[PDB]
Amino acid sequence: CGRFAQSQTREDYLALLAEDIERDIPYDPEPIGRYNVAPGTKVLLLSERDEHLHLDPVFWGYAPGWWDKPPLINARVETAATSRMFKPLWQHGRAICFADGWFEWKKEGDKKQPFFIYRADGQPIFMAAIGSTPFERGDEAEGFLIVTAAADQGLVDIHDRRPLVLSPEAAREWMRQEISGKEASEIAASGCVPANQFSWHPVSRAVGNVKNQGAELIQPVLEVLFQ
C-alpha cells in the first residue's frame, strides 16, 4: 500500500505486540495522530537491535545512489528474499510498521474510490517492513519499504495487492536478528493475516490529497445515489 493511518498511542500498538525483550522506548501516552501517512515522510518504525526493541522515525522510501528512479516504497513478498536489490534488507533490515489500517483506491471507471481497511476484530495491525540499517541514522534516501502480497478473498475486489500484515507473534519473530532469510520467508508465510479477518468501507475522497490530515479521513461514507 501507499497510504495508511498510524493515529493512536505507542503503548496501544506495543501492548498488542507483547514483546518480552527489553524496550528502549520511553513511555509516551500522546496519540501519534497521523490519519494520512504518506510516502517520503519519516514514519515511526519498530525494530530490534542488541536484543532490544527500538522505535525510530525512518524515511518511507528506498533509493540507493545507483537507483535512478523514484524511491521504491513496497517490496513484493513473492520475490524480495532473492532480489539482488532487496536481499540484504530481507536478511538484515527487517522491521515492523504498526498501523490502524491502510487505504486502497478502487478504480470505478475513470473515478477512484478510497477504502479504509482494518481488522474486523478492532485490533491494530503490524505491517512487515524491510529497510536500511542502521535505522537510527535518519537516512534521507535509504529508509524502509512495506512488504506486499497478493490480495486474497474479498480484498482483490478493491485492489490487487495488500500489505503483508503479521499476527503479533509473527511480528515478534520477524524482527529477530538471529533468524535467517529463509526463516523470515517462513514467518511471512505462517503469520500473514488472511483477508477475511479484515473489514473495509469507502471513505471521503479527501484522503487522496496528502495535505488533508483530519481524523474524519478514516470515517466511513454511505455512497448510494438516492438518499
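Just count from 1 along the sequence shown to find any residue number.
Comparing 76-84 with 121-129, the higher mean C-alpha B-factor in the PDB entry belongs to 76-84. Mean CA B-factor, 6-14 versus 215-223: the higher value falls on 215-223. The top Cα temperature factor in the record, among 56, 48, 173, 178, falls on 178.
For the set 163, 39, 70, 191, the PDB entry puts the maximum C-alpha B factor at 70. Per the deposited record, the Cα B-factor of residue 169 falls in the lowest third when ranked against the other modelled residues of its chain. In the deposited entry, the Cα temperature factor of residue 63 places it in the middle third of its chain's modelled residues.
Among all modelled residues in its chain, residue 148 ranks in the lowest third by Cα B-factor. For residue 109, the recorded CA B-factor ranks within the highest third of the chain. Only modelled residues enter the ranking. Ranked by C-alpha B-factor against the other modelled residues of its chain, residue 140 falls in the highest third.
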